[PDB]
Every structure is written in structure tokens, then in C-alpha cells.
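Visitor: Residue numbers (UniProt numbering), protein chains in the order written: chain A, 3 to 88; chain B, 3 to 88; chain C, 3 to 88; chain D, 3 to 88; chain E, 3 to 88; chain F, 3 to 88. Every residue gets a Cβ at the ideal spot worked out from N, C-alpha and C, and that includes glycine. So that we are looking at the same thing, I have put the structure below in C-alpha cells.
There are 6 protein chains.
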Amino acid sequence: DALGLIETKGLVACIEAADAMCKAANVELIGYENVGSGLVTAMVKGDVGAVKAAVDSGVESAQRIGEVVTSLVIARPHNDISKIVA
Amino acid sequence: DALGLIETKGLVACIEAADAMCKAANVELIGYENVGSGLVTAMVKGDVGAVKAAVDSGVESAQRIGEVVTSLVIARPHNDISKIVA
Amino acid sequence: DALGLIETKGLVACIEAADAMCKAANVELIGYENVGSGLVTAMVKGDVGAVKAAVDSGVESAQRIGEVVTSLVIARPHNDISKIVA
Amino acid sequence: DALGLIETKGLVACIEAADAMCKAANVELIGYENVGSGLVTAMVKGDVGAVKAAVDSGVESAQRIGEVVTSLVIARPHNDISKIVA
Amino acid sequence: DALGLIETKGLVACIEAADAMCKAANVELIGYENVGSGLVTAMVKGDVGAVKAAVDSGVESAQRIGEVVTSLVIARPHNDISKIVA
Amino acid sequence: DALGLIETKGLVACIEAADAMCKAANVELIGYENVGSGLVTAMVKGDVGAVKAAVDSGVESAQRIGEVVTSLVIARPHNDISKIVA
Numbered sequence: 003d004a005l006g007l008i009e010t011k012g013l014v015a016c017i018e019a020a021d022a023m024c025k026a027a028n029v030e031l032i033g034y035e036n037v038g039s040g041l042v043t044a045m046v047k048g049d050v051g052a053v054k055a056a057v058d059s060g061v062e063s064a065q066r067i068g069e070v071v072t073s074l075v076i077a078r079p080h081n082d083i084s085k086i087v088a
Numbered sequence: 003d004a005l006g007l008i009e010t011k012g013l014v015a016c017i018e019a020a021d022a023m024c025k026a027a028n029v030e031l032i033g034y035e036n037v038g039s040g041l042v043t044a045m046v047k048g049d050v051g052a053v054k055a056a057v058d059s060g061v062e063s064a065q066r067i068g069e070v071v072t073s074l075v076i077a078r079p080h081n082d083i084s085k086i087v088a
Numbered sequence: 003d004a005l006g007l008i009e010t011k012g013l014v015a016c017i018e019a020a021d022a023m024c025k026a027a028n029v030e031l032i033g034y035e036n037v038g039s040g041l042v043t044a045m046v047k048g049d050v051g052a053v054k055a056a057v058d059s060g061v062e063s064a065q066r067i068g069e070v071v072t073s074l075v076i077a078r079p080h081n082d083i084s085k086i087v088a
Numbered sequence: 003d004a005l006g007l008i009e010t011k012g013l014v015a016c017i018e019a020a021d022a023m024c025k026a027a028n029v030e031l032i033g034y035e036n037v038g039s040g041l042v043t044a045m046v047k048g049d050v051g052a053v054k055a056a057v058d059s060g061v062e063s064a065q066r067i068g069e070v071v072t073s074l075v076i077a078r079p080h081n082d083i084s085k086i087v088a
Numbered sequence: 003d004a005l006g007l008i009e010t011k012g013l014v015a016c017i018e019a020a021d022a023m024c025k026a027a028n029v030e031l032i033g034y035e036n037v038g039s040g041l042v043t044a045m046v047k048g049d050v051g052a053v054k055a056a057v058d059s060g061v062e063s064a065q066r067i068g069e070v071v072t073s074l075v076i077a078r079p080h081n082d083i084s085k086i087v088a
Numbered sequence: 003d004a005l006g007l008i009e010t011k012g013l014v015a016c017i018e019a020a021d022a023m024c025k026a027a028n029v030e031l032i033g034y035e036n037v038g039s040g041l042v043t044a045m046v047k048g049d050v051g052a053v054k055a056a057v058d059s060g061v062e063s064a065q066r067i068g069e070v071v072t073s074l075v076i077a078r079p080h081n082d083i084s085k086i087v088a
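Structure, rendered in C-alpha cells:
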């Protein structure tokens, strides 16, 4: 299924992204990951409409308190991707 | 129960955030976490009034000596969140 | 076989690079790797034409949403290299 | 017992902080910790007067050769804190 | 035997350094190592003429695509060094 | 015995520091350590005159090719220190 990602400067603004994502639509939180430099990513999985909706709300609410760096929906990640994230 | 987060540049200013949080109201300290770039987060759990009060005081005193980057209260984190933090 | 690499600032823009690479031609995703400072690299392996094509498309689409820092095709990495990456 | 912390840019200036702290008064060195971005913290434990004295001297001498970012004395850390550091 | 080192911003430009080093003369690739901040180092071992030649070529080609930060040849590293790198 | 430290931006300039230290006087290389942000430290142990001499030469030669951030000789580190480094 689809993949929603919000990447932030700082963990707290990511936790908010994550929280607001899971509340806003039927997505399961996969995890987070940071790549140094303050960059932290929250990743969720769901149907594409559900994921699209989480990321919209995730970004709205994380931006409210912090910096959203990038957000993305991949409606059907190559299988190779889906292996690597989960 | 609710979740209080204070993210700082540097560990020392975080340790102060944490200390002042636990003193200021009935919250238990979950842990800290850094995501590189000097960004360190202190996280506590309690009732929402108790958590709201810790963060107010946590931020007051960490700022006294260092840089508070983000603070947040989530009164009821999606269950998925509560799994990830603890 | 050949080696395609796209290095980005931030994980999300890398995940897109990776996704678009594997879709665009017959390459298998080896992995990713970050070296701090927000720098994350996606690496794939395939025939040189297939790899060249992934990287072209990987870069097109990662840039769409984020910053592509370096991209490279090594058509035949020294064997020592191929040992290190995989 | 009390807690003394000196956070520096760079390890060497921290090692000096630490050395000068333990020489200057009756404190035991707990450890150090870095949170990326060059930020390294030296932490000691002792009575509040002993700890206050180490940090004064720790800071004097680390600054001599490097950058002291934060210093702090917590005379009685919440028990939760004392669990986290040690 | 001697030691050749090329340090880069970013992994990809390092992988090129490495590849071009091993192709250009009779050296075996020891490994790479990053120290955060985007800084990644490729290290090879060989006779001093062979190593000198790799680094010349390693630097030429890594610079072609990325940033070479430092390069070095140590014709006979103190034994202590040779222990630490390998 | 005494402690000599040279901290550099980048590993390569550190390796040179280290090499030139061990050549220049009777010191044993303890190790290196990085604290992110490109900051890498080389640490040696010897008599104070031997250590003083290494660091002088270590710094001369590392600076030749890179950036020496801090250098230090501690002629007799508090015992607590000597425990932590080794």
C-alpha cells in the first residue's frame, strides 16, 4: 500500500507530524528515521487517499510548531522500496 | 496519558528542561533523544494539566541557560505514537 | 554489474530517487546510506544502460521534491568497490 | 548528590573541563556525552559546594583552550534525572 | 606498506575516489570511514609509487563530480597507525 | 603518564597528526574519537616531554594539510580522566 513521509528539522515537530497523520486518516505508523543534521522523517502506510490525507494534516500541524522540510506520498512504491522501509 | 516534549540545542539545557519538568508537576521522565545537529529532546508523561505545567516550567528554566528549540504538549497521542516513544 | 548512486539532502528526497530508479529500469536497489549532514545516498545495480536510465529518472524526480547533491554511474566498479557496497 | 555539567564544542576542550573539575574539588566524573554538532558534555557528581567549585574551575580552564557552550550546577536533580545520567 | 587517503564531502564522490584509486594502480582498498558533517574518507594501501598514483587519479576523478576535502600519502605510517586503520 | 590530544576537522588531517606524533617522540597512540561536525581527535600517552614533543610535531604536520582545531597536553590527568580515555 501507499507511503506517506514527512521530514522535519527536529524530533518534536516530527512527533507532531506523526500524531496528526495517524489521527487524520486510517494509516499505520511505520517509524521514524533521522539522517543527522536535525532531519527526522515520519513514515506511514495506508491506502492512497488515507495516506494523502494524513500527510496534508501531518504537514499542517508539524509546520504549526516547527519546520517541515519535505513531504511525499508514493501511492505504490516499487516493491524494493517497501522492503527497505519495513 | 499526555506527552510533554522540550527540544534543545545541547544536552545540558535539556537536562535542565527535564529536571525542571519533573520538579514542577507530577510527570515521569520517559527519556531523552537526540537527532544530531545539537538537537536533544526531553519527553515526559502525565495528566494533561500536569504535563502542561512541567513544559511551561521546563521551557522557562532551560531557556534561562540555553536554547529551547521546540516544546509541545500532546494531550492524547495516537496510540501508535505512545508505542514508539516508550 | 554497473552501479548507480544518487545522493540527496534528506531521506525523503532519496526515497523518491530510489523509487523512481527501480521503476524506470531493470535495477535492484542495494540500499541507502547516510554520512551525516543530511546526506543520504541511494545505490542500485544493473546493466549500464539500465542503471544509466534509472539515475536519469531517479535524479529528475528526487530534484522535483528535494535536493540532489551528487549522482553517478560507474559502469564497472573495481571489484574492491563492489565488495564494499554489497 | 549534586550535578555539574560543562558542555563544549569539541572533545579536547571537554577533556580539559573534566580534568580541571576533578582536580579542583571532590567530585567523581560520571562520564561525557556528545549530541552531535561538536557538542560534548562532561558531567560530575559531588556535594553542591564541591560541584560548584569544579564547574567554576572546569569552565575557567576549558575556555582557556576551547569554547564552553553551557555550564550548569543542579544541586539536587529530580530522582528521575539522577537515574538517566547514571 | 604506504597509505593513501582521500576525504570528501559526501559518499558518492568518495566511492568515485575509491574506484579510480583501485583502477589507477596496484592498491587494495582498506575501507571508508565518515566522521560526520558529510566527511567521508577512502583509504588504500600499496607501495608508495602505486599509492601516490592512485591518490592523484582518485582526486582527479572525485573532484570531477564532488568535493575533495583532503588527500594524503603516508609512505610508511607509524606501526601504531597501521594497527588503527586496519 | 601524560596525555597529548590533537583535534581536527576531518579524519585525514587527524591521521597525519597521529602519525607525526608517534614518529616524533616516544608516545603510544591510544586512539581517535569523533564527536560529529567533522571533529576528530587523536590521543597519545607518554612522559610529558615526549608527549609535548609529539603534539608540537603532530600539530605542525596536521596543519600542513588540514585544520587543527585544538591541541592540548595534560601532564598528569586526574586519574578519573585516565580511566575514561583508556
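Going along the chain, which residues of its own chain have a beta-carbon closer than 6 Å to the beta-carbon of residue 2(B), five neighbours each way excluded?
Guide: Missing from the structure shown is residue 2(B); chain B here goes from 3 to 88 and no further.
Visitor: Could you tell me whether the Cβ of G40(E) comes closer than 8 Å to any Cβ of chain C?
Guide: Position 38 of the fifth sequence, counting from 1, holds the residue named residue 40(E). At least one chain C Cβ lies under 8 Å of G40(E).
Visitor: Please say whether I83(B) and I17(A) have beta carbons closer to each other than 8 Å?
Guide: Along the first sequence, read from residue 1 onward, the residue named residue 17(A) stands at position 15. Along the second sequence, read from residue 1 onward, the residue named residue 83(B) stands at position 81. Yes, these two residues count as a Cβ contact at 8 Å.
Visitor: Distance cutoff 8 Å, beta carbons only. Does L74(D) sit that close to anything in chain B?
Guide: As a first step, residue 74(D) is located in the fourth sequence; it is residue number 72 there, counting from the start. Taking Cβ atoms only, chain B reaches closer than 8 Å to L74(D), which makes this a yes.
Visitor: When you compare each of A4(B), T10(B), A44(B) to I86(D) by their alpha carbons, which one comes out closest?
Guide: Position 84 of the fourth sequence, counting from 1, holds the residue named residue 86(D). Taking only the C-alpha atoms, the option nearest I86(D) is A44(B).
Visitor: Here's the rule: buried if 16 or more other CB atoms are within 10 angstroms of the residue's CB, otherwise exposed. What is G51(D)?
Guide: One-based indexing of the fourth sequence puts residue 51(D) at position 49. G51(D) is exposed by the Cβ-count criterion.
Visitor: With C-beta atoms as the reference, is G40(D) less than 8 Å away from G38(F)?
Guide: Looking up residue 40(D) in the fourth sequence gives position 38. Looking up residue 38(F) in the sixth sequence gives position 36. Yes, they are a contact pair.
Visitor: Look at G48(D) and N28(D) and say whether their C-beta atoms are less than 8 Å apart.
Guide: The residue given as residue 48(D) occupies position 46 in the fourth sequence. The residue given as residue 28(D) occupies position 26 in the fourth sequence. Result yes, Cβ atoms of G48(D) and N28(D) sit closer than 8 Å.
Visitor: Measure from the alpha carbon of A64(C) to the alpha carbon of each residue in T72(A), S63(A), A64(A), then state which is nearest.
Guide: Here residue 64(C) is taken as the residue at index 62 of the third sequence, counted from 1. Minimum Cα distance to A64(C) is reached at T72(A).
Visitor: In its own chain, which residues sit with a C-beta less than 7 Å from the C-beta of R78(F), not counting the 5 before and 5 after it?
Guide: Taking the first residue of the sixth sequence as 1, we reach residue 78(F) at position 76. Cβ neighbours of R78(F) beyond the five flanking positions: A4.
Visitor: What residues in its chain sit with their C-beta under 6 Å from that of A26(D), if we drop five residues either side in the sequence?
Guide: Taking the first residue of the fourth sequence as 1, we reach residue 26(D) at position 24. These residues qualify, in order along the chain: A55, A56, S59.
Visitor: Roughly how many angstroms lie between the CA atoms of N36(B) and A88(B), to the nearest whole one?
Guide: Residue numbering aside, residue 36(B) sits at position 34 when the second sequence is read from its first letter. Residue numbering aside, residue 88(B) sits at position 86 when the second sequence is read from its first letter. So the two alpha carbons sit approximately 15 Å from each other.
Visitor: Interface residues of chain F around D82(E) at Cβ under 8 Å?
Guide: Start at 1 with the first residue of the fifth sequence, and residue 82(E) comes out as number 80. Those within 8 Å of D82(E) in chain F are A20, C24, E30, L31.
Visitor: If the cut is a Cβ gap below 9 Å, which residues of chain E does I17(F) touch?
Guide: As a working note, residue 17(F) is residue 15 in the sixth sequence. Those are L5, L7, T43, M45, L74, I76, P79, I83, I86, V87, listed as they occur along chain E.
Visitor: Quick check on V57(D) - is its C-beta less than 8 Å from some C-beta in chain F?
Guide: For the purposes of this step, residue 57(D) is taken as the residue at position 55 of the fourth sequence. Not closer than 8 Å to any Cβ of chain F, the Cβ of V57(D) fails to qualify, so no.
Visitor: What whole-angstrom Cβ distance do residue 1(E) and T10(E) have, given they're in contact under 8 Å?
Guide: No answer is possible for residue 1(E): the residues shown for chain E start at 3 and end at 88.
Visitor: Between the beta-carbon of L74(B) and the beta-carbon of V14(A), is there less than 8 Å?
Guide: Working through the second sequence from its first residue, we reach residue 74(B) at position 72. Working through the first sequence from its first residue, we reach residue 14(A) at position 12. Taking 8 Å as the Cβ cut-off, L74(B) and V14(A) qualify as a contacting pair.
Visitor: What does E35(D) touch in chain B if you count any residue whose Cβ is under 8 Å from its own?
Guide: Along the fourth sequence, read from residue 1 onward, the residue named residue 35(D) stands at position 33. Here the neighbours are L13.
Visitor: In this structure, how does DSSP classify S39(C) when only helix, strand and coil are distinguished?
Guide: As a first step, residue 39(C) is located in the third sequence; it is residue number 37 there, counting from the start. Coil, per DSSP.
Visitor: What residue range does the alpha helix (DSSP H) around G6(A) cover?
Guide: The sequence position of residue 6(A) within the first sequence is 4, counting from 1. From DSSP, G6(A) is part of no alpha helix (DSSP H) but of the beta strand (DSSP E) over 4-11.
Visitor: For the alpha helix (DSSP H) containing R78(F), name the first residue and the last one.
Guide: If you number the sixth sequence from 1, residue 78(F) lands on position 76. No alpha helix (DSSP H) contains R78(F), which DSSP labels as neither H nor E.
Visitor: So, with DSSP's three-state summary, where would you put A44(C)?
Guide: Translated into positions along the third sequence, residue 44(C) becomes position 42. Of the three classes helix, strand and coil, the one that applies to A44(C) here is strand, per DSSP.
Visitor: To the nearest angstrom, how far is it from the Cα of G33(F) to the Cα of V46(F)?
Guide: Position 31 of the sixth sequence holds residue 33(F). Position 44 of the sixth sequence holds residue 46(F). One C-alpha to the other measures close to 7 Å.
Visitor: To the nearest angstrom, how far is the alpha carbon of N81(B) from that of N81(C)?
Guide: The sequence position of residue 81(B) within the second sequence is 79, counting from 1. The sequence position of residue 81(C) within the third sequence is 79, counting from 1. Roughly 48 Å separates the two Cα atoms.
Visitor: Does chain E have any CB closer than 8 Å to the CB of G68(F)?
Guide: The sequence position of residue 68(F) within the sixth sequence is 66, counting from 1. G68(F) counts as touching chain E.
Visitor: Assuming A22(E) is part of the alpha helix (DSSP H), what are its boundary residues?
Guide: In the fifth sequence, residue 22(E) corresponds to position 20, counting from 1. First-last of the alpha helix (DSSP H) with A22(E): 14-26.
Visitor: Return the first residue and the last residue of the alpha helix (DSSP H) that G60(A) is part of.
Guide: Here residue 60(A) refers to the residue found at position 58 of the first sequence. The continuous alpha helix (DSSP H) containing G60(A) extends over residues 50-67.
Visitor: Within 8 Å (strictly less), CB to CB, does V61(F) reach chain D?
Guide: Counting from one through the sixth sequence, the residue named residue 61(F) turns up at place 59. It does not; no Cβ of chain D falls within 8 Å.
Visitor: Taking the C-alpha atoms as reference points, what is the distance between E62(F) and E69(D)?
Guide: Position 60 of the sixth sequence, counting from 1, holds the residue named residue 62(F). Position 67 of the fourth sequence, counting from 1, holds the residue named residue 69(D). Going by the C-alpha atoms only, they are around 22 Å apart.
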